[PDB]
């Protein structure tokens, strides 16, 4: 008793979800569209940079293993089941990633592959604690996403941008995310209720307070100090608890993981590592 895979149907997006079979001809693109992860018909798994191959899945890739594949019926396929696996009979091989040590069996359901805007492919244990906009696709790995760290006040009237989208704690006291076409994709519905403050707290809860620290609205995500709040260029807003467990560069099993930062100390949705 345990999950079976289904065919991937997300060609051109930046994420390969768990237990989904990517087959020949299918590909991911980074959100900025510069990079493409392609499974070729010749059985090579390839990353291309503006159309040119700059990486190939093989034995020379740090923290990956190649073991025999004797099963004759195994179709060419690439998929994620905590670790990533490339079944390539043509070379009698399974190529797979040596992930960081697993902490829970739940990770098998939550871990997906992200093709980032910096060209890295990263396996990320990802849990959406709150998703304000379930109809809008989650798009990890984009340089133009806005991330707020816990402990970030949303100053009233300030427009926080992510490409053409924005998040605003408005003069009328509503907390609103606007999508690329100028329409609201989500709002807390707190206009006219005396809202005085909106804050993504240190405990990972997004809260709008009124007079006397009255709670007018909250995301019910308290107790997650490692969560981030993300506004995407497509208008998606969500609170996520995420950690990487493999990457093709930068990653080492014993290194600590952190998000890259802008020159003004703001975090970016791109994973990196250091001791």
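Positions refer to the first chain, counted from 1.
- For the segment pair 181-189 and 68-76, the entry gives 68-76 the higher mean B-factor, averaged over Cα atoms.
- In this entry, the higher average B-factor at the C-alpha atoms falls on 36-44, of the pair 36-44 and 232-240.
- Across the options 194, 171, 140, 163, the residue with the most elevated CA B-factor in the record is 194.
- Note on 207, 245, 28, 211: the highest value goes to 211, judged by CA B factor as recorded.
- Among the modelled residues of the chain, residue 89 sits in the highest third by CA temperature factor in this PDB entry.
- Sort the modelled residues of the chain by CA B factor and residue 11 lands in the middle third.
- Ranked within its chain, residue 18 lands in the lowest third, by CA B factor from the PDB record.
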